[PDB]
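To start, the structure under review is shown below, and the notes come after it.
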Amino acid sequence: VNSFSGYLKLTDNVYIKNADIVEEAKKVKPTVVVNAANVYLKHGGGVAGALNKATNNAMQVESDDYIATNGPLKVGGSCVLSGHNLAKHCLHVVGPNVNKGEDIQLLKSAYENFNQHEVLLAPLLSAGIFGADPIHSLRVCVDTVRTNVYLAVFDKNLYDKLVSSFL
Ligand SMILES: OC[C@H]1C[C@@H](O)CN1c1ncnc2[nH]ccc12
Ligand SMILES: [Cl-]
């Protein structure tokens with residue numbers, strides 16, 4: 001039993017809700033919140049900009065130190081940093097950004113990072129301003145993640161479309 005509330009069950013391990021991931025994190029304080037990151041951990045907009053804003057820019061400050069020490073992430077890769085006021089940990093995961101010309105086959109690799117954590121509050125990878133097809137991303141999530149994932153989908157129209165089209 002966990003404290004996630006109001007989620008529609010999709011499969012054995014994947015759940016979905018129409019909510020802002022920031023608000024789900026503020027309410028649940030999950031062990032792991034996933035950020036839809038880029039390789040530079042520049043949290044400018046979308047999920048990343050919203051999460052970072054909710055930390056009063058502390059996520060960005062921590063991220064800049066991480067990059068100064070370690071260099072950029074790989075597309076498809078991840079790192080674990082603090083969850084600040086929102087969660088115990090933040091798993092920064094880089095899905096491909098097709099608006100930047102990055103490669104969509106890397107979406108499965110990106111979701112594989114979730115399997116290192118038993119339970120996660122996560123956004124739909126490569127959705128929104130990353131420019132990928134959200135229906136495809138949900139399919140990759142369900143077919144790749146084996147641990148328990150709670151997907152928070154901010155956009156109501158998208159949530160409705162995702163549920164109604166799920167196979
Ligand atoms: O709607 C699903 C995706 C794609 C784009 O619409 C934004 N987005 C989010 N999902 C979950 N939490 C979020 N907080 C802020 C934005 C956001
Ligand atoms: Cl977005």
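Ordering of the structure tokens sets the chain letters (A, B, ...), residue numbers begin anew at 1 in every chain, and ligands are numbered from 1 in the order given.
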I need the strand (DSSP E or B) residues of chain A per DSSP on the backbone, written as an MDAnalysis selection string. chainID A and resid 8:9 14:18 32:37 78:82 89:94 119:122 148:153
Export, as a compact mmCIF listing (two decimals), in the first residue's frame, the selected residues with C-alpha atoms.
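The resulting selection-v3.txt:
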# COMPACT_ATOMS: atom_id res chain seq x y z
CA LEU A 8 -6.45 4.88 -12.88
CA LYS A 9 -4.74 1.49 -13.10
CA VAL A 14 1.52 1.36 -14.37
CA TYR A 15 -0.98 3.92 -13.06
CA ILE A 16 -2.08 7.28 -14.53
CA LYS A 17 -3.76 10.48 -13.31
CA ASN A 18 -4.65 13.94 -14.66
CA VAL A 32 11.44 9.30 -6.22
CA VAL A 33 10.07 12.00 -8.52
CA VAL A 34 11.24 11.80 -12.13
CA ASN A 35 12.28 14.98 -13.91
CA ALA A 36 12.02 15.18 -17.70
CA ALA A 37 15.56 16.51 -17.99
CA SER A 78 19.86 9.63 -15.87
CA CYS A 79 21.27 10.73 -12.56
CA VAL A 80 19.90 10.70 -9.01
CA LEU A 81 19.95 14.04 -7.19
CA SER A 82 18.04 15.52 -4.26
CA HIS A 89 15.19 11.94 -4.53
CA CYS A 90 14.81 13.30 -8.04
CA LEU A 91 15.68 10.93 -10.89
CA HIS A 92 16.65 13.24 -13.77
CA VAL A 93 15.95 11.23 -16.94
CA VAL A 94 16.78 12.42 -20.46
CA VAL A 119 8.20 3.09 -6.97
CA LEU A 120 8.25 6.40 -8.86
CA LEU A 121 6.11 9.44 -9.54
CA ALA A 122 6.90 10.26 -13.16
CA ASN A 148 5.61 0.63 -9.96
CA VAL A 149 5.15 3.90 -11.85
CA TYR A 150 2.56 6.61 -11.15
CA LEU A 151 2.24 8.84 -14.21
CA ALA A 152 1.05 12.40 -13.61
CA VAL A 153 -0.28 14.03 -16.79
Per-residue nearest contacts of chain A to ligand 1 (7 Å; only C-alpha atoms and all ligand atoms) as a Markdown table:
| residue | atom | partner | partner_atom_place_in_ligand_line | distance |
| --- | --- | --- | --- | --- |
| A:19 | CA | ligand 1 | 12 (N) | 6.4 |
| A:20 | CA | ligand 1 | 12 (N) | 3.8 |
| A:21 | CA | ligand 1 | 12 (N) | 3.9 |
| A:22 | CA | ligand 1 | 14 (N) | 5.8 |
| A:46 | CA | ligand 1 | 16 (C) | 4.7 |
| A:47 | CA | ligand 1 | 16 (C) | 4.3 |
| A:50 | CA | ligand 1 | 15 (C) | 5.4 |
| A:123 | CA | ligand 1 | 11 (C) | 5.1 |
| A:124 | CA | ligand 1 | 3 (C) | 6.2 |
| A:127 | CA | ligand 1 | 4 (C) | 4.9 |
| A:128 | CA | ligand 1 | 4 (C) | 3.6 |
| A:129 | CA | ligand 1 | 5 (C) | 6.8 |
| A:152 | CA | ligand 1 | 11 (C) | 5.1 |
| A:153 | CA | ligand 1 | 2 (C) | 4.2 |
| A:154 | CA | ligand 1 | 1 (O) | 3.9 |
| A:155 | CA | ligand 1 | 1 (O) | 3.8 |
| A:158 | CA | ligand 1 | 1 (O) | 6.2 |
Which residues are near segment 42-44 of chain A? Cut-off 10 Å, only C-alpha atoms, ignore same chain within fewer than 2 positions. Put them as a PyMOL selection string. chain A and resi 35-40+46-53+57+59-60+63-64+67
Would you list the contacts of residue 162 of chain A as a list in words, taking every protein, DNA or RNA residue within 9 Å and counting only C-alpha atoms, but skipping same-chain residues closer than 5 positions in sequence?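 Final neighbour list, sorted by chain and number: residues 134, 135, 138 and 157 of chain A.
For the pair atom CA of residue 118 of chain A and atom CA of residue 66 of chain A, the separation is 24.2 Å.
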